[PDB]
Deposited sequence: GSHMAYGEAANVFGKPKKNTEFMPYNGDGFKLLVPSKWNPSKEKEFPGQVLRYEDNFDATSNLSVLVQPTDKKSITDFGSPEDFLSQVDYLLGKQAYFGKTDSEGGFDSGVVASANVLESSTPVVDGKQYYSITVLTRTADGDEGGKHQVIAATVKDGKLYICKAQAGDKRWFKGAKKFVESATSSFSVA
């Protein structure tokens, strides 16, 4: 109904059914981008980049990882609402929720390491759309992200 599964190269996730794919490359390693055409500040991207790390935990804690992929957030200020270290089907993931700025953005990052690749899912919405229904879309897309 409101969500549709997507299968990429080595990963899958749920994308909101009303968002559309964007052909524009915003970040390096970008392989998917979906956006709300009524408010393009609501969007999501999946990045796949090579790495020498063997685990997401080689990055240090969730907050340490966040500091190393901070280009993804563009910030006068970043506030970490929550972080977690969920394990899905054997794989360690990190998940981080960050609020950046009046003007506010809620960004959720989910990440794991597999096969000499760093796989990053980032979903965001603006503060007002967040509380008006976007929170569901942002959190499902990042919660649903899994690699194989």
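Novice: Write out the missing regions of the deposited sequence in sequence order, one range per stretch.
Specialist: Unmodelled stretches, in sequence order: 1 to 19, 94 to 111, 139 to 143.
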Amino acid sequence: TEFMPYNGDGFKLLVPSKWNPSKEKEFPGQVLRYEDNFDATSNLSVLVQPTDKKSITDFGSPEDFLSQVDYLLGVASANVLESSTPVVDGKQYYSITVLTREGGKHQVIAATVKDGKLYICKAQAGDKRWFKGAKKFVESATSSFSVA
From here on, numbers count along this sequence of modelled residues.
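Novice: On mean C-alpha B-factor from the PDB entry, just flag whether 113 to 121 or 24 to 32 is the higher one.
Specialist: The stretch with the larger mean CA B-factor is 24 to 32.
Novice: Have a look at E63, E82, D39, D58 and flag the one whose Cα has the highest B-factor in the entry.
Specialist: Comparing C-alpha B-factors across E63, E82, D39, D58, the maximum falls on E82.
Novice: Checking the entry, which one of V88, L44, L47, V98 has the top C-alpha B factor?
Specialist: It is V88.
Novice: Can you tell me whether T142 has a C-alpha B-factor in the lowest, middle or highest third compared with the other modelled residues of the same chain?
Specialist: It falls in the middle third of the chain.
Novice: Using the B-factor values recorded in the entry, state whether the Cα atom of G133 falls in the lowest, middle or highest third among the modelled residues of its chain.
Specialist: Highest third - that is where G133 ends up once the chain's C-alpha B-factors are sorted.
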